[PDB]
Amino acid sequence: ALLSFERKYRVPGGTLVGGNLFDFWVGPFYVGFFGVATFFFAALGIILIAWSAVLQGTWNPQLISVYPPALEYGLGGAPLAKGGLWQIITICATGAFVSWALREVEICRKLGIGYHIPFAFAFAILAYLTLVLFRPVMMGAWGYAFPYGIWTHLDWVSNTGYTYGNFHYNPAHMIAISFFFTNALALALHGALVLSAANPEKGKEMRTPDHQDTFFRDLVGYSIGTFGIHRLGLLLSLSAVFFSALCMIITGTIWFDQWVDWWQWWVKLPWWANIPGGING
């Protein structure tokens, strides 16, 4: 049940809501008021999802799919079988997510650490809200949201993309991808760096942070350091997801045409717009 050093940490307090009421654990897990909140939202949501599955007449997970209301319903409510169920399920997800974040906050307090983790998570939550709330509202129907199904959701991605041409040309999409790639690069390195120091060549002594900083200056002439790389990671990650939201929130709202075409602005600057030759002249 407890890690060899856990007991002295399991003291009362830190709860945001409800005092000592839910201030307790279940196996390794911490409950807290929000422990309960998330459970309830999670229970409800899964139920509704199964209920959608009978109306659909399949129990096969590769097939199950809960779709939003069709565009004709705009931002109004829709019949269960006709889009209501997704709308509730979406409400329930949100409930789950936010609650899961606030529990993280409550654990943070009991342990006496910073709130960076709940913090970073809120970016994930905000990306999800962008795709099922902010964008549809702004566009004008729940129908612009993505459906909850394993492959159907990949389909929405593909269809929504190809609507504006090759989505690769969405400029904030370019930026968002550069982080995803960069972050992975940096996670690759960080991990590798620490391990190689902690697990040197056979029979040698554990290296030191000094060796870590040296290994990299030797390699590329600079080392961001231990505090740095952790600051870096958090940032690349949060940024990747920040730009991911951005590229979507603008798509279909302030730009509805082909993304490639938006680049004509550059190429049509009057100082070289008419100069012959090249690719565009």
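When you see a residue number, it is the position in the sequence shown, counting from 1.
Comparing 147-155 with 81-89, the higher mean C-alpha B-factor in the PDB entry belongs to 81-89. When 265-273 is weighed against 6-14, 265-273 comes out higher, by mean CA B-factor as recorded in the entry. Across the residues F243, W59, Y222, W255, the deposited record lists the maximum Cα B factor for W59.
Among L235, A43, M248, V36, the highest C-alpha B-factor in the deposited entry belongs to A43. Among all modelled residues in its chain, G27 ranks in the lowest third by Cα B-factor. When the modelled residues of the chain are ordered by their C-alpha B factor, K204 lands in the highest third. Looking at the C-alpha B-factors along this chain, the one for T226 belongs to the middle third.
Sort the modelled residues of the chain by CA B factor and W142 lands in the highest third. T214: CA B factor lies in the middle third for its chain, per the PDB record.
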